[PDB]
Amino acid sequence: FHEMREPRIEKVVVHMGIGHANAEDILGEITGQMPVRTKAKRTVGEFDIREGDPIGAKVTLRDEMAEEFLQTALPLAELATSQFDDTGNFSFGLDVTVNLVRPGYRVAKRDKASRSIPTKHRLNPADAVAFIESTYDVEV
Amino acid sequence: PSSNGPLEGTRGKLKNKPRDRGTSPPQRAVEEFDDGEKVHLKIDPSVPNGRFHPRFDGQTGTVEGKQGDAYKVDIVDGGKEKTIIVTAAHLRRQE
Amino acid sequence: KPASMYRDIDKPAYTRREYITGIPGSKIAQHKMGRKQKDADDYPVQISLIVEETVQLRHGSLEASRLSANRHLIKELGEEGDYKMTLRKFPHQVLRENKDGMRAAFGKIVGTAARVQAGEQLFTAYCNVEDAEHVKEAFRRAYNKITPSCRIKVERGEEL
Amino acid sequence: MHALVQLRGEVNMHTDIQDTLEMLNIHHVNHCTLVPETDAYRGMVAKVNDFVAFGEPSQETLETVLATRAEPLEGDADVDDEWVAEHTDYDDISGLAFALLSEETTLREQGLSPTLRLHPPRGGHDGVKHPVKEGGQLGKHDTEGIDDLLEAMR
Amino acid sequence: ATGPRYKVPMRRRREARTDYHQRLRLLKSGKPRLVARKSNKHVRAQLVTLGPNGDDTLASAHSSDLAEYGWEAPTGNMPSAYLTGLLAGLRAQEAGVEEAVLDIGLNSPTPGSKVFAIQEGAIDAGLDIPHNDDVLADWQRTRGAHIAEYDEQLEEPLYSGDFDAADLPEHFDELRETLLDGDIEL
RNA sequence: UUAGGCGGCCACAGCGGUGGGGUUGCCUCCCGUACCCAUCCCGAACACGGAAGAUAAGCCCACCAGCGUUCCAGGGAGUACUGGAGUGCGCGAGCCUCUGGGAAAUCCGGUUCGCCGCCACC
RNA sequence: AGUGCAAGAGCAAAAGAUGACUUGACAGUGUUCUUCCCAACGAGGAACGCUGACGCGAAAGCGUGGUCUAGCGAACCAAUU
RNA sequence: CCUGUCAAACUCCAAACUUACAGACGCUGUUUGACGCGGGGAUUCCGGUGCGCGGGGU
Ligand SMILES: [Cl-]
Ligand SMILES: [Cl-]
Ligand SMILES: [Mg+2]
Ligand SMILES: [Mg+2]
Ligand SMILES: [Mg+2]
Ligand SMILES: [Mg+2]
Ligand SMILES: [Mg+2]
Ligand SMILES: [Mg+2]
Ligand SMILES: [Mg+2]
Ligand SMILES: [Mg+2]
Ligand code: NA
Ligand code: NA
Ligand code: NA
Ligand code: NA
Ligand code: NA
Ligand code: NA
Ligand code: NA
Ligand SMILES: [Sr+2]
Ligand SMILES: [Sr+2]
Ligand SMILES: [Sr+2]
Ligand SMILES: [Sr+2]
Ligand SMILES: [Sr+2]
Ligand SMILES: [Sr+2]
Ligand SMILES: [Sr+2]
Ligand SMILES: [Sr+2]
């Protein structure tokens with residue numbers, strides 16, 4: 001029962017929302033892999049008239065690359081209660097977001113016969129706090 | 001009419017009831033009809049290709065051969081005989 | 001203008017404001033009269049003014065009949081008496097006038113009217129037993145300013 | 001089996017009603033046909049309801065009418081018991097009349113004209129502007145009611 | 001769900017099992033569909049024609065009924081894929097089926113994949129299916145060379161149960177030979 | 001169908017919810033990237049290879065009607081509307097009688113938590 | 001939501017979005033409906049083929065311009081292939 | 001929640017009715033040849049009224 005219910009890290013997405021690049025270098029060095037450009041939609045009056053133009057960058061981290069980032073990323077921030085999702089995810093910081101879920105999320109992310117995860121198998125804000133707290137840090 | 005176009009006054013007949021919205025089921029779009037068969041002409045609003053002039057919606061013609069994948073269906077408009085080129089998607093069998 | 005020009009229901013339903021522009025505002029002040037905070041069920045007596053013929057009543061007539069009805073209720077029961085009257089019909093039908101002879105005859109918009117069917121309730125007043133003959137008189141003055149003949153039907157009145 | 005009698009003329013009458021009466025072999029005023037009770041035949045008399053007089057006749061009355069107004073498919077020849085006997089599948093008028101009522105055969109099937117050309121009602125009818133329920137002579141009648149008309153039109 | 005105007009997708013679309021847009025294009029040929037499916041442990045290959053109350057399967061082959069002929073290796077791989085496809089095509093020839101069109105369903109048309117190997121099998125069985133030779137795998141990857149050369153990077157065995165150590169793609173050659181035989185109980 | 005594949009009708013099948021089910025069997029999740037192939041970044045997905053573990057998701061099985069839906073009963077209603085007729089009524093607007101049809105809303109109570117086809121399979 | 005433009009209509013593993021590749025917005029000749037209900041009448045339009053050559057795709061297939069209904073012009077003369 | 005009204009260019013609903021084809025009865029045609037085809041000659045393209053349904057207009 002417990003083994004197929006215990007939380008794991010899905011993806012650690014690190015991003016910088018600028019609005020006009022040079023900052024792609026610092027992400028590659030801190031994470032371990034390559035970053036991707038971020039475009040925008042709709043014309044804005046803050047001199048952002050072009051649609052398909054680089055605004056910032058993001059890096060989606062999975063498996064070991066994710067944990068080896070978080071061992072040095074988590075001490076850089078004081079984690080709060082109101083900083084948590086209803087789904088059991090959290091964003092802090094340079095934005096660093098961590099996606100957490102239970103061992104059967106492939107069912108929702110696949111192509112063939114996909115189904116969305118039931119509310120009884122989804123992560124809770126409480127079950128989220130408990131997992132990260134059991135890995136070298138505090139709550140509140 | 002304020003205009004003599006093909007889709008004049010066809011708000012009703014060329015529109016689906018909300019629950020019959022979206023892509024239509026393929027089974028009827030690939031249905032095979034034989035010659036001499038009496039078929040019902042009714043345009044499927046979800047299928048763009050292979051239609052006929054909306055004035056013939058409701059006719060019950062007789063299949064008299066095919067032109068490519070589409071069928072050549074013989075009808076009688078009032079008193080004038082006409083041959084309608086139409087795909088299976090807009091046809092149903094009689095009886 | 002006389003009501004003879006607009007009283008019948010022979011024209012189509014012309015109400016769609018998305019295609020009609022320049023419609024004059026309703027001369028009607030309020031539909032809820034008296035003590036609008038109290039409930040309709042809090043009253044032992046419910047008397048309605050029922051229209052006998054199928055007609056179109058203009059906003060000016062609706063107001064003129066409502067005014068001379070509520071003014072009597074204010075005179076006899078005070079400005080804060082224990083009553084509540086409702087005008088349930090709203091002027092939805094838009095009226096035209098051709099005011100050039102019969103060429104380009106479709107008229108310009110001049111007003112609004114309320115299509116009331118026969119047997120329908122135009123007014124409904126809720127009162128207490130003692131104030132019953134005052135409201136029957138408010139309606140006698142109100143039916144004199146509309147087009148059809150009317151009925152003063154008591155719906156909750158076993159007290160007579 | 002019902003007996004139809006056209007009581008109203010052709011002028012101003014709808015063409016689709018006119019043609020129904022012609023299909024029921026009834027072409028003039030005061031003419032009478034013996035129509036069976038089917039779904040198909042009922043749809044026809046319902047469409048003719050306002051220009052006709054119908055109902056089921058009594059054996060006694062059908063006989064009286066057949067004796068006086070029935071004609072062969074061609075000719076002046078009077079239809080009596082002897083005529084019936086020599087040309088029909090029955091013995092006398094009663095035998096034919098019983099068959100028409102029980103819907104076993106038709107007048108045409110026996111070599112008789114499908115029309116019993118009646119005489120105007122003696123003492124007149126109850127009116128061609130109102131139905132029977134309103135005191136007129138149009139529409140569906142009682143078995144005793146149709147007899148009064150068929151007998152008056154001897 | 002919400003009210004009367006709500007449009008609930010067709011059953012096999014809610015289930016996310018049928019691509020109805022691709023199905024219409026597949027049925028346009030008039031030819032029977034060679035339904036090529038793949039599970040984690042297994043591989044399925046059916047010959048489906050269109051019927052009055054639904055689809056009709058005239059001939060099929062599952063990778064589990066492959067062991068009935070002599071297989072002693074796993075069933076969700078490339079050598080198994082071809083063979084399950086050959087076994088489907090052979091039963092198809094016995095059913096009177098001569099030509100077909102490849103239905104890969106919701107799978108990706110990735111070069112040299114298992115669904116294309118299922119197709120290569122049926123082609124070799126005598127069926128006329130519209131294909132593309134350079135989108136199929138090279139004969140050795142179909143045989144199972146990639147798997148044997150992964151057992152060469154040994155240290156620890158690839159297989160748990162005792163089939164063999166260094167792996168035999170010769171079992172494929174032996175099985176293709178067994179099915180190519182004119183006798184065999186199909 | 002002791003969990004499968006392809007379907008037909010395309011909500012009676014939807015939304016929500018409860019209970020049960022898996023040692024070499026099935027479906028999954030699952031384990032793992034040498035290869036085919038893969039990500040404008042990520043073996044996440046796609047693709048390939050595989051069983052250490054699990055029935056918690058999914059799925060299959062049994063059931064609940066609160067919501068949406070299908071159909072039916074009874075009431076609304078033979079009311080609204082209406083094809084045909086009228087030297088019936090009404091200043092008129094309009095109404096009425098006869099004849100042939102006949103709703104909708106809403107209420108109450110049932111139904112509905114899919115049905116069926118081909119194939120394979122302790 | 002979006003889909004160039006009225007209005008009505010179509011569309012969700014798409015007809016929308018993004019990306020890449022491509023030139024079928026191709027030549028020739030038709031069947032049919034429409035223009036013109038019924039019911040004769042040109043230009044124009046559309047649907048649906050075939051022949052030839054092509055594009056994309058694994059492939060079925062899709063591409064006879066834009067998701068559909070507006071965006072059009074005879075004889076004579078000239079220029080042009 | 002509660003409470004008051006509407007739609008030619010609204011529709012979760014929805015008739016009467018009109019309409020395609022077919023079968024049945026009826027009627028009709030096979031010496032009165034229908035249905036249909038081909039040809040000759042027209043007149044005609046100021047209409048009006050009642051009833052039903054209309055749209056405009058006091
Ligand atoms: Cl057409
Ligand atoms: Cl599959
Ligand atoms: Mg309309
Ligand atoms: Mg004679
Ligand atoms: Mg006399
Ligand atoms: Mg008289
Ligand atoms: Mg369970
Ligand atoms: Mg009068
Ligand atoms: Mg000139
Ligand atoms: Mg030139
Ligand atoms: Na549809
Ligand atoms: Na002028
Ligand atoms: Na870029
Ligand atoms: Na399970
Ligand atoms: Na033309
Ligand atoms: Na007949
Ligand atoms: Na004229
Ligand atoms: Sr009028
Ligand atoms: Sr003048
Ligand atoms: Sr008055
Ligand atoms: Sr993995
Ligand atoms: Sr008057
Ligand atoms: Sr009935
Ligand atoms: Sr198109
Ligand atoms: Sr009509």
# chains A, B, ... in the order shown; residues from 1 in each chain; ligands from 1
>>> select_by_dssp(residues="range 23-93 of chain C", states="helix (DSSP H, G or I)", output="number ranges by chain")
C: 59-77
>>> residues_around(residues="residue 23 in chain B", least_positions_apart="4", cutoff="8 Å", atoms="only C-alpha atoms (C1' of nucleotides)", output="ChimeraX atom specification")
/B:46-47 /G:11
>>> write_last_selection(atoms="N, CA, C and O atoms (P, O5', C5', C4', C3', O3' and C1' of nucleotides)", output="PDB file, in the first residue's frame")
ATOM      1  N   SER B  46     -21.722  18.480 -39.678  1.00  0.00           N
ATOM      2  CA  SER B  46     -20.340  18.295 -39.224  1.00  0.00           C
ATOM      3  C   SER B  46     -19.373  17.936 -40.357  1.00  0.00           C
ATOM      4  O   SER B  46     -18.167  18.132 -40.233  1.00  0.00           O
ATOM      5  N   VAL B  47     -19.909  17.383 -41.445  1.00  0.00           N
ATOM      6  CA  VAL B  47     -19.111  16.980 -42.608  1.00  0.00           C
ATOM      7  C   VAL B  47     -19.126  18.093 -43.669  1.00  0.00           C
ATOM      8  O   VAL B  47     -20.164  18.356 -44.267  1.00  0.00           O
TER       9      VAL B  47
ATOM     10  P     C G  11     -19.338  21.084 -35.851  1.00  0.00           P
ATOM     11  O5'   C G  11     -17.762  21.236 -35.985  1.00  0.00           O
ATOM     12  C5'   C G  11     -17.000  20.320 -36.784  1.00  0.00           C
ATOM     13  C4'   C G  11     -15.544  20.670 -36.701  1.00  0.00           C
ATOM     14  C3'   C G  11     -14.993  20.705 -35.286  1.00  0.00           C
ATOM     15  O3'   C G  11     -14.563  19.402 -34.890  1.00  0.00           O
ATOM     16  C1'   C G  11     -14.420  22.699 -36.417  1.00  0.00           C
TER      17        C G  11
END
>>> residues_around(residues="range 126-138 of chain A", least_positions_apart="6", cutoff="10 Å", atoms="only C-alpha atoms (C1' of nucleotides)", output="PyMOL selection string")
chain A and resi 6-9+71+74-75+78-81+84-90+100-101
>>> residues_near_ligand(ligand="ligand 8", cutoff="12 Å", atoms="only C-alpha atoms (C1' of nucleotides) and all ligand atoms", output="list in words")
residues 87, 88, 89, 90, 91, 92, 93, 94 and 95 of chain F
>>> select_by_dssp(residues="range 4-143 of chain D", states="strand (DSSP E)", output="PDB file with C-alpha atoms, in the first residue's frame")
ATOM      1  CA  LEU D   4     -72.227   8.672 -47.783  1.00  0.00           C
ATOM      2  CA  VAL D   5     -74.567  11.319 -49.185  1.00  0.00           C
ATOM      3  CA  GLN D   6     -73.236  14.544 -50.768  1.00  0.00           C
ATOM      4  CA  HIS D  31     -75.771  10.914 -54.660  1.00  0.00           C
ATOM      5  CA  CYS D  32     -74.999   7.978 -52.348  1.00  0.00           C
ATOM      6  CA  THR D  33     -72.193   5.463 -52.038  1.00  0.00           C
ATOM      7  CA  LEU D  34     -71.564   2.512 -49.722  1.00  0.00           C
ATOM      8  CA  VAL D  35     -68.145   2.976 -48.174  1.00  0.00           C
ATOM      9  CA  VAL D  52     -71.555  15.047 -46.647  1.00  0.00           C
ATOM     10  CA  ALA D  53     -73.922  12.986 -44.473  1.00  0.00           C
ATOM     11  CA  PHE D  54     -72.780   9.588 -43.248  1.00  0.00           C
ATOM     12  CA  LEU D 116     -77.339   5.171 -55.565  1.00  0.00           C
ATOM     13  CA  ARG D 117     -78.683   8.410 -57.100  1.00  0.00           C
ATOM     14  CA  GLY D 139     -71.368  14.825 -40.689  1.00  0.00           C
ATOM     15  CA  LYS D 140     -71.813  11.587 -38.707  1.00  0.00           C
TER      16      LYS D 140
END
>>> residues_around(residues="residue 58 in chain E", least_positions_apart="2", cutoff="9 Å", atoms="only C-alpha atoms (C1' of nucleotides)", output="PDB file with N, CA and C atoms (P, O5', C5', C4', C3', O3' and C1' of nucleotides), in the first residue's frame")
ATOM      1  N   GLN E  46      -3.866  -8.015 -35.263  1.00  0.00           N
ATOM      2  CA  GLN E  46      -5.156  -8.454 -35.806  1.00  0.00           C
ATOM      3  C   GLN E  46      -5.414  -8.018 -37.239  1.00  0.00           C
ATOM      4  N   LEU E  47      -6.280  -8.769 -37.921  1.00  0.00           N
ATOM      5  CA  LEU E  47      -6.718  -8.478 -39.289  1.00  0.00           C
ATOM      6  C   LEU E  47      -8.200  -8.198 -39.138  1.00  0.00           C
ATOM      7  N   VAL E  48      -8.548  -6.919 -39.250  1.00  0.00           N
ATOM      8  CA  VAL E  48      -9.921  -6.460 -39.073  1.00  0.00           C
ATOM      9  C   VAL E  48     -10.633  -5.880 -40.310  1.00  0.00           C
ATOM     10  N   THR E  49     -11.824  -6.405 -40.589  1.00  0.00           N
ATOM     11  CA  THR E  49     -12.646  -5.919 -41.686  1.00  0.00           C
ATOM     12  C   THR E  49     -13.860  -5.203 -41.059  1.00  0.00           C
ATOM     13  N   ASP E  56     -15.019  -6.720 -37.406  1.00  0.00           N
ATOM     14  CA  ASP E  56     -14.869  -8.178 -37.455  1.00  0.00           C
ATOM     15  C   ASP E  56     -13.402  -8.559 -37.548  1.00  0.00           C
ATOM     16  N   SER E  60      -5.946 -13.327 -36.113  1.00  0.00           N
ATOM     17  CA  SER E  60      -5.148 -12.621 -35.134  1.00  0.00           C
ATOM     18  C   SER E  60      -4.011 -13.485 -34.638  1.00  0.00           C
ATOM     19  N   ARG E  91      -2.193 -16.805 -40.729  1.00  0.00           N
ATOM     20  CA  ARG E  91      -3.567 -17.195 -40.405  1.00  0.00           C
ATOM     21  C   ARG E  91      -4.512 -16.435 -41.337  1.00  0.00           C
ATOM     22  N   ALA E  92      -4.068 -15.248 -41.758  1.00  0.00           N
ATOM     23  CA  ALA E  92      -4.810 -14.380 -42.669  1.00  0.00           C
ATOM     24  C   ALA E  92      -4.892 -14.986 -44.056  1.00  0.00           C
ATOM     25  N   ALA E  95      -7.470 -17.602 -44.102  1.00  0.00           N
ATOM     26  CA  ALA E  95      -8.813 -17.029 -43.998  1.00  0.00           C
ATOM     27  C   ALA E  95      -9.318 -16.445 -45.323  1.00  0.00           C
ATOM     28  N   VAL E  97      -7.749 -13.800 -46.825  1.00  0.00           N
ATOM     29  CA  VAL E  97      -7.340 -12.389 -46.834  1.00  0.00           C
ATOM     30  C   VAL E  97      -6.039 -12.271 -47.622  1.00  0.00           C
TER      31      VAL E  97
ATOM     32  P     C F 118     -20.931 -11.727 -32.363  1.00  0.00           P
ATOM     33  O5'   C F 118     -19.486 -11.435 -32.962  1.00  0.00           O
ATOM     34  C5'   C F 118     -19.265 -11.482 -34.379  1.00  0.00           C
ATOM     35  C4'   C F 118     -17.850 -11.081 -34.700  1.00  0.00           C
ATOM     36  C3'   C F 118     -16.775 -11.879 -33.997  1.00  0.00           C
ATOM     37  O3'   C F 118     -16.544 -13.136 -34.608  1.00  0.00           O
ATOM     38  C1'   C F 118     -16.271  -9.604 -33.783  1.00  0.00           C
ATOM     39  P     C F 119     -16.051 -14.359 -33.699  1.00  0.00           P
ATOM     40  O5'   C F 119     -14.587 -13.925 -33.261  1.00  0.00           O
ATOM     41  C5'   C F 119     -13.568 -13.728 -34.249  1.00  0.00           C
ATOM     42  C4'   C F 119     -12.314 -13.199 -33.609  1.00  0.00           C
ATOM     43  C3'   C F 119     -11.745 -14.010 -32.462  1.00  0.00           C
ATOM     44  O3'   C F 119     -11.064 -15.172 -32.906  1.00  0.00           O
ATOM     45  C1'   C F 119     -11.710 -11.742 -31.879  1.00  0.00           C
TER      46        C F 119
END
>>> decode(residues="range 3-29 of chain A", atoms="N, CA, C and O atoms", output="PDB file, in the first residue's frame")
ATOM      1  N   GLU A   3       4.201   1.834  -0.447  1.00  0.00           N
ATOM      2  CA  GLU A   3       5.235   1.940  -1.477  1.00  0.00           C
ATOM      3  C   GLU A   3       4.762   2.614  -2.768  1.00  0.00           C
ATOM      4  O   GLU A   3       5.507   3.372  -3.400  1.00  0.00           O
ATOM      5  N   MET A   4       3.509   2.353  -3.126  1.00  0.00           N
ATOM      6  CA  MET A   4       2.909   2.919  -4.326  1.00  0.00           C
ATOM      7  C   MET A   4       2.066   4.153  -4.006  1.00  0.00           C
ATOM      8  O   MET A   4       1.225   4.574  -4.804  1.00  0.00           O
ATOM      9  N   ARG A   5       2.302   4.726  -2.827  1.00  0.00           N
ATOM     10  CA  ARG A   5       1.595   5.920  -2.358  1.00  0.00           C
ATOM     11  C   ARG A   5       2.556   6.996  -1.858  1.00  0.00           C
ATOM     12  O   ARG A   5       2.167   8.162  -1.735  1.00  0.00           O
ATOM     13  N   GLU A   6       3.802   6.606  -1.566  1.00  0.00           N
ATOM     14  CA  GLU A   6       4.805   7.547  -1.068  1.00  0.00           C
ATOM     15  C   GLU A   6       5.311   8.511  -2.149  1.00  0.00           C
ATOM     16  O   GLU A   6       5.790   8.073  -3.199  1.00  0.00           O
ATOM     17  N   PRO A   7       5.187   9.840  -1.904  1.00  0.00           N
ATOM     18  CA  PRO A   7       5.599  10.918  -2.815  1.00  0.00           C
ATOM     19  C   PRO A   7       7.022  10.893  -3.357  1.00  0.00           C
ATOM     20  O   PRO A   7       7.941  10.370  -2.724  1.00  0.00           O
ATOM     21  N   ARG A   8       7.163  11.440  -4.560  1.00  0.00           N
ATOM     22  CA  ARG A   8       8.442  11.560  -5.250  1.00  0.00           C
ATOM     23  C   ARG A   8       8.420  12.878  -6.022  1.00  0.00           C
ATOM     24  O   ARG A   8       7.359  13.490  -6.195  1.00  0.00           O
ATOM     25  N   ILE A   9       9.595  13.314  -6.467  1.00  0.00           N
ATOM     26  CA  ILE A   9       9.731  14.553  -7.225  1.00  0.00           C
ATOM     27  C   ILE A   9       9.548  14.246  -8.710  1.00  0.00           C
ATOM     28  O   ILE A   9      10.230  13.374  -9.260  1.00  0.00           O
ATOM     29  N   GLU A  10       8.608  14.959  -9.335  1.00  0.00           N
ATOM     30  CA  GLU A  10       8.305  14.808 -10.757  1.00  0.00           C
ATOM     31  C   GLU A  10       9.257  15.666 -11.588  1.00  0.00           C
ATOM     32  O   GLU A  10       9.976  15.141 -12.438  1.00  0.00           O
ATOM     33  N   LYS A  11       9.255  16.977 -11.331  1.00  0.00           N
ATOM     34  CA  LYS A  11      10.122  17.925 -12.032  1.00  0.00           C
ATOM     35  C   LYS A  11      10.399  19.195 -11.232  1.00  0.00           C
ATOM     36  O   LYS A  11       9.538  19.680 -10.493  1.00  0.00           O
ATOM     37  N   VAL A  12      11.636  19.682 -11.334  1.00  0.00           N
ATOM     38  CA  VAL A  12      12.050  20.917 -10.668  1.00  0.00           C
ATOM     39  C   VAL A  12      12.321  21.912 -11.792  1.00  0.00           C
ATOM     40  O   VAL A  12      13.342  21.836 -12.481  1.00  0.00           O
ATOM     41  N   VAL A  13      11.364  22.814 -11.995  1.00  0.00           N
ATOM     42  CA  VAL A  13      11.441  23.821 -13.047  1.00  0.00           C
ATOM     43  C   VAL A  13      12.009  25.144 -12.529  1.00  0.00           C
ATOM     44  O   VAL A  13      11.399  25.803 -11.681  1.00  0.00           O
ATOM     45  N   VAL A  14      13.200  25.495 -13.019  1.00  0.00           N
ATOM     46  CA  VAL A  14      13.871  26.739 -12.637  1.00  0.00           C
ATOM     47  C   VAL A  14      13.755  27.740 -13.793  1.00  0.00           C
ATOM     48  O   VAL A  14      14.119  27.430 -14.928  1.00  0.00           O
ATOM     49  N   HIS A  15      13.237  28.930 -13.490  1.00  0.00           N
ATOM     50  CA  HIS A  15      12.996  29.961 -14.498  1.00  0.00           C
ATOM     51  C   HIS A  15      13.249  31.413 -14.062  1.00  0.00           C
ATOM     52  O   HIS A  15      13.129  31.752 -12.886  1.00  0.00           O
ATOM     53  N   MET A  16      13.596  32.253 -15.042  1.00  0.00           N
ATOM     54  CA  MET A  16      13.840  33.690 -14.852  1.00  0.00           C
ATOM     55  C   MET A  16      13.020  34.481 -15.883  1.00  0.00           C
ATOM     56  O   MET A  16      13.290  34.408 -17.085  1.00  0.00           O
ATOM     57  N   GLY A  17      12.011  35.218 -15.406  1.00  0.00           N
ATOM     58  CA  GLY A  17      11.153  36.006 -16.285  1.00  0.00           C
ATOM     59  C   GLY A  17      11.571  37.456 -16.414  1.00  0.00           C
ATOM     60  O   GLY A  17      11.103  38.316 -15.656  1.00  0.00           O
ATOM     61  N   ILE A  18      12.414  37.727 -17.415  1.00  0.00           N
ATOM     62  CA  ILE A  18      12.955  39.057 -17.688  1.00  0.00           C
ATOM     63  C   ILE A  18      12.010  39.934 -18.538  1.00  0.00           C
ATOM     64  O   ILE A  18      11.228  40.718 -17.980  1.00  0.00           O
ATOM     65  N   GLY A  19      12.079  39.797 -19.861  1.00  0.00           N
ATOM     66  CA  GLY A  19      11.223  40.582 -20.744  1.00  0.00           C
ATOM     67  C   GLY A  19      11.894  41.187 -21.962  1.00  0.00           C
ATOM     68  O   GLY A  19      11.293  42.025 -22.642  1.00  0.00           O
ATOM     69  N   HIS A  20      13.147  40.792 -22.207  1.00  0.00           N
ATOM     70  CA  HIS A  20      13.952  41.267 -23.341  1.00  0.00           C
ATOM     71  C   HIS A  20      15.147  40.345 -23.591  1.00  0.00           C
ATOM     72  O   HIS A  20      15.424  39.960 -24.724  1.00  0.00           O
ATOM     73  N   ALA A  21      18.433  35.743 -21.678  1.00  0.00           N
ATOM     74  CA  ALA A  21      19.298  35.958 -22.835  1.00  0.00           C
ATOM     75  C   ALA A  21      20.746  35.741 -22.417  1.00  0.00           C
ATOM     76  O   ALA A  21      21.336  34.701 -22.712  1.00  0.00           O
ATOM     77  N   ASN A  22      21.297  36.727 -21.712  1.00  0.00           N
ATOM     78  CA  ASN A  22      22.664  36.684 -21.174  1.00  0.00           C
ATOM     79  C   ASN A  22      22.644  35.742 -19.967  1.00  0.00           C
ATOM     80  O   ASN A  22      23.636  35.084 -19.644  1.00  0.00           O
ATOM     81  N   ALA A  23      21.441  35.634 -19.404  1.00  0.00           N
ATOM     82  CA  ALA A  23      21.109  34.841 -18.236  1.00  0.00           C
ATOM     83  C   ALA A  23      20.905  33.337 -18.477  1.00  0.00           C
ATOM     84  O   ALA A  23      20.552  32.606 -17.552  1.00  0.00           O
ATOM     85  N   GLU A  24      21.144  32.872 -19.706  1.00  0.00           N
ATOM     86  CA  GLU A  24      21.019  31.445 -20.042  1.00  0.00           C
ATOM     87  C   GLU A  24      22.216  30.661 -19.499  1.00  0.00           C
ATOM     88  O   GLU A  24      22.100  29.471 -19.193  1.00  0.00           O
ATOM     89  N   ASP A  25      23.354  31.353 -19.384  1.00  0.00           N
ATOM     90  CA  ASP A  25      24.616  30.787 -18.898  1.00  0.00           C
ATOM     91  C   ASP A  25      24.590  30.344 -17.439  1.00  0.00           C
ATOM     92  O   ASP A  25      25.050  29.242 -17.125  1.00  0.00           O
ATOM     93  N   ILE A  26      24.025  31.187 -16.565  1.00  0.00           N
ATOM     94  CA  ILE A  26      23.944  30.900 -15.125  1.00  0.00           C
ATOM     95  C   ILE A  26      23.040  29.728 -14.734  1.00  0.00           C
ATOM     96  O   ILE A  26      23.254  29.109 -13.688  1.00  0.00           O
ATOM     97  N   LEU A  27      22.056  29.418 -15.583  1.00  0.00           N
ATOM     98  CA  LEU A  27      21.153  28.295 -15.333  1.00  0.00           C
ATOM     99  C   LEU A  27      21.818  26.971 -15.679  1.00  0.00           C
ATOM    100  O   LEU A  27      21.741  26.025 -14.899  1.00  0.00           O
ATOM    101  N   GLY A  28      22.544  26.952 -16.801  1.00  0.00           N
ATOM    102  CA  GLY A  28      23.242  25.756 -17.256  1.00  0.00           C
ATOM    103  C   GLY A  28      24.318  25.280 -16.302  1.00  0.00           C
ATOM    104  O   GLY A  28      24.491  24.075 -16.097  1.00  0.00           O
ATOM    105  N   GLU A  29      24.979  26.249 -15.666  1.00  0.00           N
ATOM    106  CA  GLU A  29      26.048  26.002 -14.706  1.00  0.00           C
ATOM    107  C   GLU A  29      25.537  25.536 -13.343  1.00  0.00           C
ATOM    108  O   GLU A  29      26.168  24.680 -12.720  1.00  0.00           O
TER     109      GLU A  29
END
